[PDB]
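**Student:** I'd like to ask some things about the structure below.
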4 protein chains.
Amino acid sequence: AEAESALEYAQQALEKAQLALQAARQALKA
Amino acid sequence: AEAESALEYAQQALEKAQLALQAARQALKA
Amino acid sequence: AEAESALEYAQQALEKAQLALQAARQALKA
Amino acid sequence: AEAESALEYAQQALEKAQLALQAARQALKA
Ligand SMILES: c12c3c4c5c1c1c6c7c2c2c8c3c3c9c4c4c%10c5c5c1c1c6c6c%11c7c2c2c7c8c3c3c8c9c4c4c9c%10c5c5c1c1c6c6c%11c2c2c7c3c3c8c4c4c9c5c1c1c6c2c3c41
Ligand SMILES: c12c3c4c5c1c1c6c7c2c2c8c3c3c9c4c4c%10c5c5c1c1c6c6c%11c7c2c2c7c8c3c3c8c9c4c4c9c%10c5c5c1c1c6c6c%11c2c2c7c3c3c8c4c4c9c5c1c1c6c2c3c41
């Protein structure tokens, strides 16, 4: 239901934040 | 540049995760 | 219970990520 | 420097949020 869908979406959103964060960390190392 | 865009995206992704989490939180107490 | 505690912790963790992200975004602007 | 430390902390915070979210996800299906 809504709660489950919300947590799945949240996890997906966090995954996207993480991959963008990794790109940014690499960019700073240069 | 890429680093700035990445952090902006990450912040937006986290905002999305937070609002879904708040929905889930309310659903639980419901 | 555990689910509620988990979501509260998760929200707190995300809040901490967000404030660190804001510091980083400011640092890049300089 | 500060920017690097901030992103490292943010990434660690998000990791923590994700593991709590996975616990919550399991609790729901339970
Ligand atoms: C990567 C960079 C590049 C690649 C990496 C991919 C992902 C992530 C990073 C990273 C940033 C990079 C670069 C940059 C390119 C490039 C590519 C690569 C892909 C990848 C995807 C993601 C992912 C995020 C990640 C951030 C992160 C930002 C970084 C930037 C730029 C920039 C730009 C490109 C471009 C493409 C495109 C891909 C697309 C993916 C996603 C998302 C999004 C993330 C963001 C965003 C930032 C931002 C932009 C664009 C842009 C968009 C788009 C795609 C999107 C999308 C997103 C963002 C866009 C935009
Ligand atoms: C701020 C910076 C500074 C202030 C801002 C505060 C918060 C956040 C940022 C930011 C980064 C900054 C600077 C830096 C100082 C400074 C201060 C300020 C405080 C604040 C707290 C948070 C918060 C995070 C934020 C990040 C972010 C990093 C940034 C860095 C350094 C650096 C450093 C200092 C120092 C203090 C200290 C405070 C403490 C808070 C938290 C957390 C943590 C966040 C992280 C971490 C990064 C990292 C370190 C330390 C360190 C620690 C500690 C405190 C901690 C803590 C954390 C991290 C430590 C560490």
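Chain lettering (A, B, ...) mirrors the order of the structure tokens, residue numbering begins at 1 for each chain separately, and ligand numbering begins at 1 in order of display.
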Excluding residue 6 of chain C and any residue of its chain fewer than 5 positions from it, enumerate the residues within 10 Å of it, using only C-alpha atoms, and give them as a list in words.
**Tutor:**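 Listed by chain and then number, they are residues 1, 11 and 12 of chain C; 17, 18, 19, 20, 21, 22, 23, 24, 25 and 27 of chain D.
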**Student:** Per residue of chain B within 7 Å of ligand 1, note the shortest atom pair and the distance in Å to one decimal, counting only C-alpha atoms and all ligand atoms, and order the rows by chain and increasing residue number, as CSV.
**Tutor:**
residue,atom,partner,partner_atom_place_in_ligand_line,distance
B:2,CA,ligand 1,30 (C),4.2
B:3,CA,ligand 1,29 (C),6.3
B:5,CA,ligand 1,47 (C),4.5
B:6,CA,ligand 1,28 (C),3.5
B:9,CA,ligand 1,45 (C),5.2
**Student:** Give me, as a list in words, the residues of chain D touching chain B, with the criterion being at most 10 Å (counting only C-alpha atoms).
**Tutor:**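 Using only C-alpha atoms, chain D residues at most 10 Å from chain B: residues 7, 14, 21 and 28 of chain D.
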